[PDB]
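Peer 1: Going down the list, the protein sequences come from chains A and B.
Using UniProt numbering, read the first sequence as starting at 28 and increasing by one per residue.
Using UniProt numbering, read the second sequence as starting at 549 and increasing by one per residue.
Let me give you the structure first, and then I'll get to my questions.
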Amino acid sequence: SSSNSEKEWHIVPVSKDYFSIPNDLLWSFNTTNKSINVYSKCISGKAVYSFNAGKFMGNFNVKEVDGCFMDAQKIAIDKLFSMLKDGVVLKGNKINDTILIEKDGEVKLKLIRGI
Amino acid sequence: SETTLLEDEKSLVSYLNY
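Quick look at the structure:
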């Protein structure tokens, strides 16, 4: 059950502050080693994920270029990466097959453009 | 379990390993 990753979740910016998120980040929960894996053309991140009251978190160890996430995109990425760590809960509305990233009572990111 | 869920590792991977 717990070992199926390398599954490209194209991250989606929902909230207005994340509209600057880069070209395209690939999110993949590594359920095989149980770690967060977030990588793209220019970023390489591992993390360990923990749960608190349904909030999915992840302490990251990302290595990443500057310029490829421009400046505000990198900010977007810090924003996104801080979200998980603050406790992002996967869930939303009108979805049954796609993952959505929400924290502070609203979705600001998604895995795949399901909705 | 839910619209998306994944509030538990098991329920998370049960949803990922689909």
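The C-beta atom is built at its ideal place from N, Cα and C for all residues, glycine as well.
Going by DSSP in three states, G72 (chain A) sits in which element: helix, strand or coil?
Peer 2: Strand, per DSSP.
Peer 1: Nearest to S559 (chain B) by alpha carbon, out of A:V39, A:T58, A:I142 and A:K90?
Peer 2: With distances taken between Cα atoms, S559 (chain B) lies closest to A:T58.
Peer 1: Using the beta-carbon of each residue, which ones in chain B are nearer than 8 Å to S28 (chain A)?
Peer 2: Under the 8 Å cutoff, chain B gives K558, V561, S562 and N565.
Peer 1: Under a Cβ-count criterion, where at least 16 other Cβ atoms within 10 Å of its own Cβ denotes burial, should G72 (chain A) be classed as buried or exposed?
Peer 2: When all chains shown are included, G72 (chain A) counts as buried.
Peer 1: Got a sec: is the Cβ-Cβ distance from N64 (chain A) to anything in chain B below 8 Å?
Peer 2: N64 (chain A) does not count as touching chain B.
Peer 1: Assuming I38 (chain A) and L127 (chain A) are in contact, meaning their beta carbons sit under 8 Å apart, how far apart are those beta carbons, in whole angstroms?
Peer 2: At roughly 11 Å, the Cβ-Cβ gap does not stay under 8 Å, so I38 (chain A) and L127 (chain A) are not in contact.
Peer 1: Measure the beta-carbon distance from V115 (chain A) to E133 (chain A) and round it to whole angstroms, keeping in mind my assumption that it falls under 8 Å.
Peer 2: About 11 Å separates the two Cβ atoms, so there is no contact after all.
Peer 1: Measure the C-alpha to C-alpha separation of residue 164 (chain A) and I63 (chain A) and round it to an integer number of angstroms.
Peer 2: Nothing about residue 164 (chain A) can be read from this structure; chain A reaches only from 28 to 142.
Peer 1: Taking C-beta pairs closer than 7 Å, name the residues in chain B that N60 (chain A) reaches, listed in chain order.
Peer 2: Those do not exist, as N60 (chain A) stays about 12 Å from chain B at its closest Cβ, beyond 7 Å.
Peer 1: Alpha carbons only, please: which of A:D44, A:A80, A:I48 and A:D51 is nearest the one belonging to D113 (chain A)?
Peer 2: Of the listed residues, the one whose Cα sits closest to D113 (chain A) is A:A80.
Peer 1: Within 10 Å of its beta-carbon, does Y76 (chain A) have 16 or more other beta-carbons around it, so buried, or fewer, so exposed?
Peer 2: Buried, since its Cβ has 16 or more Cβ neighbours within 10 Å.
Peer 1: Locate the beta strand (DSSP E) running through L53 (chain A), then write down its first and last residues.
Peer 2: First-last of the beta strand (DSSP E) with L53 (chain A): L52 to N57.
Peer 1: Which ranges would you report for the beta strand (DSSP E) in the stretch 84-135 of chain A if only whole runs of at least 3 residues count?
Peer 2: Entirely contained in the stretch 84-135 of chain A, the beta strand (DSSP E) runs reaching 3 residues are, in chain order, 86-91 and 126-129.
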